[PDB]
Amino acid sequence: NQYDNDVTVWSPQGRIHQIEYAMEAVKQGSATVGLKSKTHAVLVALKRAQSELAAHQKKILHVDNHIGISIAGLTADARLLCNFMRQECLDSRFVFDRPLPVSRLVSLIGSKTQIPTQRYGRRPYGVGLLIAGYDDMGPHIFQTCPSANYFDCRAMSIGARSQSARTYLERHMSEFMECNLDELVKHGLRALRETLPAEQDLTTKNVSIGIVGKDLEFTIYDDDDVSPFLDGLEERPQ
Amino acid sequence: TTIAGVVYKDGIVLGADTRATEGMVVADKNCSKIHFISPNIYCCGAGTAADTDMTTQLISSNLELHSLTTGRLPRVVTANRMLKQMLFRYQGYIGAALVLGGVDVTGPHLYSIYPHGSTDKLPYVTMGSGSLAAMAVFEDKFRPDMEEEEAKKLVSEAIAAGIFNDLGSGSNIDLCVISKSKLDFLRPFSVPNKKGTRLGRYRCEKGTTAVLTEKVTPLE
Amino acid sequence: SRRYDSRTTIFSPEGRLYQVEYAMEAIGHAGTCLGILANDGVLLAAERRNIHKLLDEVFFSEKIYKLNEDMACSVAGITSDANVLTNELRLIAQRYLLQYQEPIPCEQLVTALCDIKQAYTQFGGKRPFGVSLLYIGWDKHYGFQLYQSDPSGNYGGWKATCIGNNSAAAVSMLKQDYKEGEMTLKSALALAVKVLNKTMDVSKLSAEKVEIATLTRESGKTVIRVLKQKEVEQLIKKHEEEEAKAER
Amino acid sequence: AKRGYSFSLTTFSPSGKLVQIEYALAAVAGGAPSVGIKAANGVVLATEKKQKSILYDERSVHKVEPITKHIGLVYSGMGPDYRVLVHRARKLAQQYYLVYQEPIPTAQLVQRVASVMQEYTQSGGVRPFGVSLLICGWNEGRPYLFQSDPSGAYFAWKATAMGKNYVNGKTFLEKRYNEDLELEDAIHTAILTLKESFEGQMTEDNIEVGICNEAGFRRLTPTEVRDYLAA
Amino acid sequence: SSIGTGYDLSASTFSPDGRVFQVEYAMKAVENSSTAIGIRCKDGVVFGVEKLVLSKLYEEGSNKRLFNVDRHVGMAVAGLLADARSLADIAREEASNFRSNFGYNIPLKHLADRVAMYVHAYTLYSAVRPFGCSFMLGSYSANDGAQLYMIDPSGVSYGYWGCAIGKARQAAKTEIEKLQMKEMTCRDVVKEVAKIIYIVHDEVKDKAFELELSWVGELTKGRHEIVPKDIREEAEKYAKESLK
Amino acid sequence: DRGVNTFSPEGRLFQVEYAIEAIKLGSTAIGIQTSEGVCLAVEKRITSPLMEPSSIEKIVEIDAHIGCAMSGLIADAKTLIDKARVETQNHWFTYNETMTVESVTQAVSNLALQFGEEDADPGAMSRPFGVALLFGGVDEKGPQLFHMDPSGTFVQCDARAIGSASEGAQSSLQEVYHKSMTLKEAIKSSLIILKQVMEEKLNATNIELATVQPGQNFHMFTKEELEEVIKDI
Amino acid sequence: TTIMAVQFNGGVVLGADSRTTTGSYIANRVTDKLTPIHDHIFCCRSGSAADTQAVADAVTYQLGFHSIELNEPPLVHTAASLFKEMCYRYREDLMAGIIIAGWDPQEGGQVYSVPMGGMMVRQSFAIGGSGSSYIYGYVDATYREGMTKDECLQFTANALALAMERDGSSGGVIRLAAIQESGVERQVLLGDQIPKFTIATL
Amino acid sequence: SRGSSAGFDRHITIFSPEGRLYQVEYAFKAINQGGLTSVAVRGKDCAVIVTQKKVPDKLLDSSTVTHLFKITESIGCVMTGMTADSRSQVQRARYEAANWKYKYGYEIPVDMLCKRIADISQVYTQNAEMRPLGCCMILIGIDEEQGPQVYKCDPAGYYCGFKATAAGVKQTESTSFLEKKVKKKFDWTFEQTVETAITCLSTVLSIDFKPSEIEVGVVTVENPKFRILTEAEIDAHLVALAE
Ligand SMILES: *[C@@](C)(CO)[C@](*)(O)[C@H](Cc1ccccc1)NC(=O)[C@H](Cc1ccc(OC)cc1)NC(=O)[C@H](C)NC(=O)CN1CCOCC1
Ligand SMILES: *[C@@](C)(CO)[C@](*)(O)[C@H](Cc1ccccc1)NC(=O)[C@H](Cc1ccc(OC)cc1)NC(=O)[C@H](C)NC(=O)CN1CCOCC1
């Protein structure tokens with residue numbers, strides 16, 4: 001109760017509350033899913049309407065021709081971090097004329113996100129990202145936290161009620177690799193479906209899809225672009 | 001200038017002329033070229049006069065600060081290092097050619113320091129525009145471990161050769177003798193040059209200059 | 001870090017500045033320091049706190065500082081803080097002389113320091129200068145002048161004022177005797193002794209305990225003079241003759 | 001990884017007192033007693049250097065320090081703080097000599113040192129010095145004795161005492177001080193003022209004393225202290 | 001260890017009994033994390049780490065607690081993984097600066113001293129907090145032999161024959177004291193490192209775990225390498241067989 | 001007492017949360033996005049008849065195609081509006097084109113969390129901005145309306161209300177607003193809803209109205225222009 | 001100047017002349033151009049007297065601290081690397097032709113050349129300075145693989161004497177230094193001691 | 001009044017009502033956290049340092065466990081207190097010593113090196129941003145002018161020369177042992193000095209040391225080089241004490 005004001009204060013339990021409270025912002029944000037195959041990496045995101053008369057808030061952002069991100073938490077911290085990711089990618093192509101390897105970018109985030117968690121009067125980045133990428137080592141799904149820790153994932157979901165989406169991905173993780181692009185997206189939004197309360201389901205309004213892979217560069221599908229994937233709505237049982 | 005130094009049996013003798021020049025005209029007939037560094041170390045200076053004065057005063061100041069902290073008598077190596085590292089840092093733009101000499105707990109030490117920051121440690125050194133003339137005397141007459149009076153004669157003869165041969169040098173010969181227990185700062189050691197007596201009278205008498213305005217201001 | 005910060009440049013809920021006000025309490029402990037403006041000149045008269053038998057007396061003064069060729073000041077508050085401000089005042093006065101080749105006018109010198117003192121109340125997070133100053137001077141714009149400074153950075157011109165110990169009781173005592181437009185340095189000094197004698201804790205009042213300086217105009221140039229031992233002794237015993245005369 | 005606080009650690013209390021300065025004054029009051037006496041012929045500075053163990057080497061550290069060839073210093077309170085003020089005063093004396101080619105006047109040095117002491121009462125992230133200084137000097141054919149306290153205020157003294165039992169020390173001095181005593185006598189009364197606030201009996205290695213006159217400032221040798229100590 | 005009306009809020013503040021609690025709480029962070037060990041053999045150093053999997057959705061190789069600091073230096077971490085990675089970056093940079101200045105591979109004892117000085121610098125101020133990470137450094141040279149060091153949150157550096165950091169550090173050290181490492185070959189050590197980890201691992205309280213192994217020695221030509229899958233899988237087979 | 005960058009146990013920044021509370025004290029503002037253009041309305045809330053109503057400007061133009069309505073601590077918006085104006089002109093200078101409504105909104109939104117204590121510049125922001133902004137403009141993607149809050153979150157709205165009475169105004173828009181209504185209906189609807197929630201009686205002086213449309217530039221409604229729409233009781 | 005260093009089995013042999021010139025005047029006819037940096041590490045200085053001296057003094061400081069901190073007898077390569085860094089970074093400001101030669105318990109006797117550019121190369125023998133020009137032919141004709149310590153001393157003394165004979169900016173006295181495991185031993189050659197190769201004409 | 005506190009005078013380096021600095025006083029108790037004791041004795045032509053060497057287990061490489069440090073070729077020290085703080089102070093001492101020789105042309109005196117460290121320690125005692133170093137340094141060396149020197153500097157910034165000293169847990173008990181021994185007029189030979197150092201640490205802990213339980217560092221007139229004894233040579237002195 002007196003250790004939770006700064007990042008520089010260790011608690012008697014060996015914990016830092018400011019880093020832990022920053023992680024709460026990821027939970028408070030809207031749920032998103034990310035999964036990969038042997039060729040494609042797909043991000044599916046659930047958009048939120050602030051007061052269903054305003055448009056559903058943006059969730060998937062461009063980083064490079066081969067990297068795209070899904071956000072959860074503070075939007076302003078998400079854009080700030082995205083600009084960093086965009087900058088490091090542009091730097092790589094300027095100097096080496098080759099795409100920056102996903103893993104290397106993620107570890108650059110791990111160093112940048114650490115710096116503030118150790119200086120007085122600073123705060124952690126109140127945003128968790130799901131990075132989808134494709135390079136020489138194939139498709140990638142990465143997760144970043146307010147704690148500068150990052151994870152290499154077979155499949156991942158973060159946000160509100162993401163636990164139910166995580167358990168679906170747990171069940172169907174043995175099918176993701178040999179499976180095709182059209183089936184991957186279906187598995188992705190079927191996990192995102194599980195987060196929603198039993199009343200409301202997926203629509204052209206509240207779903208965003210980001211895809212990057214072998215043949216195609218990172219593309220965002222939003223409104224009318226998302227309907228080919230919804231066409232094939234398996235319907236929800238419980 | 002002509003400045004020179006010698007290491008003898010008991011310590012160090014330092015010598016210098018007293019001529020300062022601006023252009024090809026003598027500015028000062030009697031200027032002090034042997035400078036105080038510490039009660040046991042003195043330094044001769046040649047080249048840019050103002051550079052000579054300020055460089056020699058700064059290091060003297062810095063050594064006093066050093067010797068107060070240590071409580072010990074300062075070393076000639078410290079004087080050497082301080083002068084060397086400064087003159088180098090200024091890439092030779094401080095035009096100070098120096099003859100450094102003193103007596104330590106280590107013994108008698110003599111240095112020549114160049115404007116660019118190069119040092120030499122030698123039994124006899126000469127600097128200045130009259131250095132060649134002074135160095136000639138040393139090469140011809142210097143002997144190892146000579147007596148104080150003999151070393152006084154040698155250095156003075158070297159300075160004399162610089163005076164009577166280098167147009168940049170003239171007037172009085174100054175000496176500084178430093179040993180393990182004594183220091184002699186002999187200001188006018190020799191006066192080999194004097195102005196001829198004015199046997200013609202040109203004293204301008206009272207009322208020979210026309211005045212236009214006069215104001216007298218009284219004081220305390 | 002913010003735990004150890006005492007926030008010196010912050011606002012009170014009332015709408016005031018605590019550190020300034022607390023600095024003002026410090027001035028009320030320093031020696032009684034007063035100055036009054038006359039027609040033929042202007043003077044400063046201060047209570048000396050350095051009154052110990054074993055003191056040496058090296059300087060011409062204790063609390064009277066000379067700032068300019070035409071200006072002088074006295075101090076009430078923390079002595080060390082005063083030495084900072086008075087040195088700065090000398091610098092400000094010289095910068096003006098460097099720039100315009102004329103002496104700095106009394107207001108311009110006061111305001112310059114006051115802007116520095118104000119800065120310490122608004123930003124920086126540091127304690128204010130615990131000093132109030134009285135300024136006496138002459139310029140070709142307003143002639144003989146008397147000014148007053150606060151830790152807040154506030155300034156004011158006065159015909160007669162007092163700062164320091166028993167400030168309130170001395171001002172009402174000044175209101176009683178001061179006559180605007182008809183005041184002379186002769187009577188000004190008499191008033192100065194009158195106020196200090198009553199306001200000070202010592203009821204005898206020796207020359208050792210007071211310090212008086214006068215700023216006059218002698219044939220073109222300005223004369224700042226700190227009064228000698230016997231000159232003060234003469235003014236004090238003259239006041240006693242007027243005190244014993246009060247048997248009417 | 002280092003930074004530095006910008007806010008003052010010394011502030012005005014509700015009663016208008018700078019608490020940290022008065023607490024630093026309590027620090028000097030608990031320190032070893034020291035005495036200074038002007039003698040219209042010279043100045044004497046003498047201080048208690050009561051060691052503790054004899055294992056300590058008496059000649060290793062000094063409480064009486066020379067600032068320059070004509071100025072000396074003694075303190076009461078904290079050793080480490082004093083040493084900082086010594087190096088700072090020595091630098092200030094050298095700054096003056098580089099510019100004017102003339103030994104710094106004692107009054108001019110004290111003012112410059114007091115300013116540094118003043119800085120540590122208003123500057124950010126620092127505490128004041130827990131030291132009062134006794135500065136002696138000889139310039140313009142006159143002896144000088146000054147005191148500089150934690151706040152940065154300075155005073156000219158004929159004779160004064162500071163440290164432990166300074167109140168009794170001063171009362172002892174005003175009864176004993178003559179404004180016409182020579183240096184030899186001044187040194188005698190200086191040791192006597194220390195004797196009043198000592199307990200344990202004095203040796204030449206038990207106290208430290210320095211003198212200042214027309215010949216300059218120097219520390220008195222243990223042989224010279226012993227000779228005066230035949231009370 | 002109690003009083004905390006201040007004292008324990010800043011690393012620039014001592015407790016009345018002369019302790020810096022912020023460093024001690026930083027040490028608590030490494031005490032809560034899973035165990036990591038390293039053993040100095042006759043011809044090199046072997047590292048072993050119990051990597052707890054939070055979710056089966058993470059790829060095998062994620063949250064790697066083994067690092068390559070230099071081509072000849074290995075690093076095993078325990079505690080807060082964020083700090084661990086940034087300390088690895090510092091170690092990387094210190095090692096490369098040495099090569100760029102002096103032309104050869106940085107000696108481990110010098111690298112360990114340099115990094116520990118950096119660690120220590122974070123224990124002195126209120127502006128920064130100490131690292132919640134203990135790390136081990138291993139290297140092998142033909143001229144220097146096998147070398148193993150460990151640095152804790154305080155900045156203390158010591159050479160080890162065997163060392164354990166993490167949740168069951170005291171429990172692990174009792175198992176390493178049973179081994180004659182000075183006479184052992186680093187091929188045999190891998191087997192023994194795996195065994196100690198499996199023993200120390202809590203089967204019921206903690207979930208499943210992945211075993212990470214690396215080595216540097218004569219067998220690996222002085223280069224720090226990850227232990228090959230075929231040798232790692234052999235040691236896991238052996239470690240489970242020890243659980244009779 | 002804590003720093004300005006301190007997270008609450010819920011995962012929000014105290015100063016940012018309290019900055020949102022400041023809007024709830026500001027005068028209410030309505031923006032409606034239609035096919036024919038964008039209209040912005042705001043109450044002036046005059047406290048004295050001696051105060052000039054023409055000097056209270058809560059709707060300002062950023063460029064010819066972009067207008068902005070503001071609510072909350074008006075003084076704070078000075079910088080945000082100025083930065084938006086500089087961004088539009090810098091873009092023209094470099095790219096010879098007008099900035100999109102989204103681009104401007106995003107540029108301003110980047111400044112929202114640019115506050116802090118330690119590790120700061122010689123003039124960095126000490127706290128969030130206590131204002132909410134409504135960006136109404138027209139570009140290639142037709143006419144759009146964007147809403148920014150102190151947190152930095154910007155989003156397109158069909159119709160949005162910000163201010164002290166944004167509670168009843170938002171629910172009132174969800175009744176009247178049809179996604180194919182005209183601009184005349186939009187202006188009519190907004191002024192009706194504005195007078196429903198205002199404490200003072202609505203007239204042609206205590207309110208401000210502006211429209212941007214694909215046909216013509218940002219237009220500020222004068223007294224006479226207002227009288228024309230106010231007349232509908 | 002002329003400077004020279006030859007590597008043998010158990011260490012190195014260093015040699016230099018003693019002339020310092022300020023134009024066409026010998027400012028110092030007996031100069032110690034062999035500068036000690038550590039116990040077993042020496043350097044030969046040619047070029048600017050002030051420049052080389054300052055670098056030498058900085059390497060001594062840098063290597064001094066490095067050795068204590070590393071707790072090893074310093075590597076000759078390391079001392080040569082400290083010279084390289086300085087001679088390369090400030091190559092436009094300095095006029096320094098350095099030869100670093102010494103002994104260490106790891107690699108034995110070593111001779112490194114750092115010319116004016118700031119490059120570094122290990123050599124069996126190295127020569128530098130203005131006078132080294134006149135002795136390239138002799139040094140290439142005389143040098144033999146695996147010379148003993150006493151032969152290397154003769155080899156350096158001969159080469160230098162020939163160089164001082166022809167070069168105006170070289171002369172005075174030959175200074176020799178031998179460094180091996182046991183330590184450093186110094187000798188000086190005066191007048192008669194300098195190998196006489198008689199004036200060879202009609 | 002004794003034991004009084006005002007504001008944050010027990011958290012940062014600001015004065016207490018008595019005029020004390022509690023944070024510095026707490027830094028002295030931080031020296032005793034190591035649990036080790038160091039003793040230094042000065043002889044007629046030598047200077048001896050001795051410390052406890054507590055290696056708890058087989059797993060620690062005992063060659064790395066040390067509190068003896070070389071600063072210069074002629075100056076060595078013993079560190080008592082927090083280990084990480086100690087290392088830092090040594091690296092700074094090494095820096096100042098090398099910088100001195102480079103600037104002044106001669107090697108730094110033991111006298112002057114101790115002063116410099118104590119001056120640096122003063123900065124931490126006046127600034128609130130950082131804690132003082134919870135450690136104590138005892139330097140030894142042969143001064144080329146004065147002879148053997150033993151100097152010690154505090155976290156408070158006090159420094160002094162000594163005939164003999166101690167630091168750590170059993171400091172005040174072993175300085176009391178050294179007082180008695182120094183008052184007795186011995187012939188302070190190398191043998192006498194080394195043995196007085198050992199027996200001081202031996203009787204103050206009641207242990208009777210094995211060669212692996214203590215570390216000894218010496219400096220002599222015949223060899224000014226700072227030297228660490230090794231177990232073989234320590235044991236030689238230990239077997240000689242069987243009298
Ligand atoms: C002999 C006399 C030179 O022939 C000595 O070197 C002497 C040194 C000396 C003299 C008096 C006090 C202390 C030491 N040098 C001079 O007398 C010197 C000669 C000189 C002139 C110009 C130079 O060009 C850079 C270098 C040396 N005289 C002066 O310094 C005179 C008084 N001042 C000037 O000429 C002004 N200069 C200074 C340099 O910048 C250009 C203007
Ligand atoms: C031989 C003699 C000539 O090449 C050597 O290289 C020798 C190197 C040496 C000298 C002393 C101690 C160790 C090693 N070089 C010199 O004697 C040198 C010649 C030189 C002058 C200027 C240069 O340009 C930067 C390079 C080489 N002489 C000096 O350094 C003398 C002491 N100083 C001057 O000549 C003064 N110069 C400096 C440069 O500007 C013109 C005036």
# chains A, B, ... in the order shown; residues from 1 in each chain; ligands from 1
$ interface_residues --of "chain F" --to "chain C" --cutoff "9 Å" --atoms "only C-alpha atoms" --output "list in words"
residues 1, 2 and 3 of chain F
$ write_last_selection --atoms "N, CA, C and O atoms" --output "tab-separated table (two decimals), in the first residue's frame"
chain	number	residue	atom	x	y	z
F	1	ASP	N	0.07	11.43	-1.79
F	1	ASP	CA	0.81	12.19	-2.83
F	1	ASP	C	1.74	11.30	-3.67
F	1	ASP	O	2.67	10.69	-3.14
F	2	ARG	N	1.46	11.24	-4.97
F	2	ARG	CA	2.23	10.41	-5.90
F	2	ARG	C	2.64	11.19	-7.16
F	2	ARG	O	2.25	12.35	-7.33
F	3	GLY	N	3.41	10.54	-8.03
F	3	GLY	CA	3.80	11.13	-9.32
F	3	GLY	C	2.65	11.18	-10.31
F	3	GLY	O	1.64	10.50	-10.13
$ residues_around --residues "residue 57 (chain F)" --least-positions-apart "5" --cutoff "12 Å" --atoms "only C-alpha atoms" --output "ChimeraX atom specification"
/F:27,41-46,52,68-71,74-75,77-78,205-210,220
$ write_last_selection --atoms "N, CA, C and O atoms" --output "PDB file, in the first residue's frame"
ATOM      1  N   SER F  27     -18.644  23.271 -20.665  1.00  0.00           N
ATOM      2  CA  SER F  27     -19.895  23.496 -21.391  1.00  0.00           C
ATOM      3  C   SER F  27     -20.096  22.436 -22.474  1.00  0.00           C
ATOM      4  O   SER F  27     -19.142  22.032 -23.142  1.00  0.00           O
ATOM      5  N   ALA F  41     -21.986  22.170 -32.798  1.00  0.00           N
ATOM      6  CA  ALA F  41     -22.704  23.094 -31.928  1.00  0.00           C
ATOM      7  C   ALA F  41     -22.111  23.059 -30.530  1.00  0.00           C
ATOM      8  O   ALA F  41     -21.645  22.014 -30.075  1.00  0.00           O
ATOM      9  N   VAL F  42     -22.124  24.207 -29.860  1.00  0.00           N
ATOM     10  CA  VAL F  42     -21.634  24.316 -28.486  1.00  0.00           C
ATOM     11  C   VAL F  42     -22.342  25.459 -27.752  1.00  0.00           C
ATOM     12  O   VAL F  42     -22.685  26.476 -28.359  1.00  0.00           O
ATOM     13  N   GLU F  43     -22.578  25.275 -26.455  1.00  0.00           N
ATOM     14  CA  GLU F  43     -23.130  26.340 -25.623  1.00  0.00           C
ATOM     15  C   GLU F  43     -22.013  27.236 -25.104  1.00  0.00           C
ATOM     16  O   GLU F  43     -20.947  26.748 -24.726  1.00  0.00           O
ATOM     17  N   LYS F  44     -22.261  28.543 -25.097  1.00  0.00           N
ATOM     18  CA  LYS F  44     -21.267  29.509 -24.630  1.00  0.00           C
ATOM     19  C   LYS F  44     -21.294  29.688 -23.113  1.00  0.00           C
ATOM     20  O   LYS F  44     -20.240  29.854 -22.492  1.00  0.00           O
ATOM     21  N   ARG F  45     -22.494  29.645 -22.530  1.00  0.00           N
ATOM     22  CA  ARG F  45     -22.693  29.758 -21.077  1.00  0.00           C
ATOM     23  C   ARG F  45     -22.131  31.074 -20.508  1.00  0.00           C
ATOM     24  O   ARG F  45     -21.124  31.086 -19.793  1.00  0.00           O
ATOM     25  N   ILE F  46     -22.797  32.178 -20.842  1.00  0.00           N
ATOM     26  CA  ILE F  46     -22.394  33.512 -20.390  1.00  0.00           C
ATOM     27  C   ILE F  46     -22.829  33.727 -18.937  1.00  0.00           C
ATOM     28  O   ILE F  46     -23.968  33.425 -18.568  1.00  0.00           O
ATOM     29  N   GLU F  52     -18.692  40.104 -23.471  1.00  0.00           N
ATOM     30  CA  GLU F  52     -18.938  40.007 -24.909  1.00  0.00           C
ATOM     31  C   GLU F  52     -19.005  38.540 -25.333  1.00  0.00           C
ATOM     32  O   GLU F  52     -18.042  37.796 -25.138  1.00  0.00           O
ATOM     33  N   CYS F  68     -13.023  22.583 -35.300  1.00  0.00           N
ATOM     34  CA  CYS F  68     -12.886  21.900 -34.021  1.00  0.00           C
ATOM     35  C   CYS F  68     -13.724  22.549 -32.924  1.00  0.00           C
ATOM     36  O   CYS F  68     -13.626  23.755 -32.691  1.00  0.00           O
ATOM     37  N   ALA F  69     -14.551  21.743 -32.262  1.00  0.00           N
ATOM     38  CA  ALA F  69     -15.282  22.180 -31.075  1.00  0.00           C
ATOM     39  C   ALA F  69     -14.649  21.568 -29.824  1.00  0.00           C
ATOM     40  O   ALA F  69     -14.194  20.420 -29.848  1.00  0.00           O
ATOM     41  N   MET F  70     -14.620  22.339 -28.738  1.00  0.00           N
ATOM     42  CA  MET F  70     -13.925  21.939 -27.512  1.00  0.00           C
ATOM     43  C   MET F  70     -14.771  22.110 -26.248  1.00  0.00           C
ATOM     44  O   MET F  70     -15.639  22.985 -26.183  1.00  0.00           O
ATOM     45  N   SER F  71     -14.502  21.265 -25.253  1.00  0.00           N
ATOM     46  CA  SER F  71     -15.196  21.306 -23.963  1.00  0.00           C
ATOM     47  C   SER F  71     -14.259  20.976 -22.800  1.00  0.00           C
ATOM     48  O   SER F  71     -13.438  20.058 -22.890  1.00  0.00           O
ATOM     49  N   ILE F  74     -10.920  25.316 -21.237  1.00  0.00           N
ATOM     50  CA  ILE F  74     -10.676  26.022 -22.504  1.00  0.00           C
ATOM     51  C   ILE F  74      -9.225  26.481 -22.679  1.00  0.00           C
ATOM     52  O   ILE F  74      -8.662  26.362 -23.771  1.00  0.00           O
ATOM     53  N   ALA F  75      -8.628  26.988 -21.600  1.00  0.00           N
ATOM     54  CA  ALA F  75      -7.245  27.477 -21.608  1.00  0.00           C
ATOM     55  C   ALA F  75      -6.231  26.445 -22.116  1.00  0.00           C
ATOM     56  O   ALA F  75      -5.254  26.810 -22.777  1.00  0.00           O
ATOM     57  N   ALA F  77      -6.718  24.070 -24.355  1.00  0.00           N
ATOM     58  CA  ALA F  77      -6.904  23.797 -25.781  1.00  0.00           C
ATOM     59  C   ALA F  77      -6.068  24.701 -26.693  1.00  0.00           C
ATOM     60  O   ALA F  77      -5.834  24.363 -27.857  1.00  0.00           O
ATOM     61  N   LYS F  78      -5.621  25.836 -26.156  1.00  0.00           N
ATOM     62  CA  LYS F  78      -4.811  26.807 -26.899  1.00  0.00           C
ATOM     63  C   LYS F  78      -3.644  26.167 -27.647  1.00  0.00           C
ATOM     64  O   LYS F  78      -3.417  26.463 -28.821  1.00  0.00           O
ATOM     65  N   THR F 205     -27.280  34.202 -29.440  1.00  0.00           N
ATOM     66  CA  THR F 205     -26.046  34.773 -28.882  1.00  0.00           C
ATOM     67  C   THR F 205     -25.312  33.845 -27.916  1.00  0.00           C
ATOM     68  O   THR F 205     -24.079  33.869 -27.846  1.00  0.00           O
ATOM     69  N   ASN F 206     -26.065  33.035 -27.176  1.00  0.00           N
ATOM     70  CA  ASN F 206     -25.478  32.152 -26.164  1.00  0.00           C
ATOM     71  C   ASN F 206     -25.015  30.788 -26.699  1.00  0.00           C
ATOM     72  O   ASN F 206     -24.602  29.915 -25.929  1.00  0.00           O
ATOM     73  N   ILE F 207     -25.085  30.620 -28.020  1.00  0.00           N
ATOM     74  CA  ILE F 207     -24.609  29.404 -28.689  1.00  0.00           C
ATOM     75  C   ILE F 207     -23.694  29.720 -29.877  1.00  0.00           C
ATOM     76  O   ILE F 207     -23.618  30.865 -30.333  1.00  0.00           O
ATOM     77  N   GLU F 208     -23.010  28.689 -30.369  1.00  0.00           N
ATOM     78  CA  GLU F 208     -22.125  28.805 -31.523  1.00  0.00           C
ATOM     79  C   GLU F 208     -22.356  27.620 -32.460  1.00  0.00           C
ATOM     80  O   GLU F 208     -22.490  26.480 -32.006  1.00  0.00           O
ATOM     81  N   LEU F 209     -22.418  27.899 -33.762  1.00  0.00           N
ATOM     82  CA  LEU F 209     -22.697  26.875 -34.776  1.00  0.00           C
ATOM     83  C   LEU F 209     -21.773  27.028 -35.981  1.00  0.00           C
ATOM     84  O   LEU F 209     -21.589  28.134 -36.499  1.00  0.00           O
ATOM     85  N   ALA F 210     -21.198  25.912 -36.424  1.00  0.00           N
ATOM     86  CA  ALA F 210     -20.338  25.898 -37.606  1.00  0.00           C
ATOM     87  C   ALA F 210     -20.574  24.650 -38.449  1.00  0.00           C
ATOM     88  O   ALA F 210     -20.899  23.590 -37.914  1.00  0.00           O
ATOM     89  N   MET F 220     -18.598  29.860 -40.232  1.00  0.00           N
ATOM     90  CA  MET F 220     -19.087  30.269 -38.920  1.00  0.00           C
ATOM     91  C   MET F 220     -20.412  31.006 -39.074  1.00  0.00           C
ATOM     92  O   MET F 220     -20.501  31.990 -39.813  1.00  0.00           O
TER      93      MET F 220
END
$ closest_atom_pairs --of "chain E" --to "chain C" --cutoff "12 Å" --atoms "only C-alpha atoms" --output "tab-separated table"
residue	atom	partner	partner_atom	distance
E:6	CA	C:3	CA	9.9
E:9	CA	C:3	CA	10.3
E:10	CA	C:1	CA	9.1
E:11	CA	C:1	CA	11.5
E:12	CA	C:1	CA	10.2
E:13	CA	C:1	CA	11.4
E:125	CA	C:1	CA	10.2
E:126	CA	C:1	CA	6.9
E:127	CA	C:1	CA	7.8
E:128	CA	C:1	CA	11.1
$ residues_near_ligand --ligand "ligand 2" --cutoff "6 Å" --atoms "only C-alpha atoms and all ligand atoms" --output "list in words"
residues 118 of chain B; 1, 19, 20, 21, 22, 33, 45, 46, 47, 48, 49, 50, 95, 129, 130, 169 and 170 of chain G
$ residues_near_ligand --ligand "ligand 1" --cutoff "10 Å" --atoms "only C-alpha atoms and all ligand atoms" --output "number ranges by chain"
B: 1-3, 16-35, 44-54, 93-98, 127-130, 163, 166-170
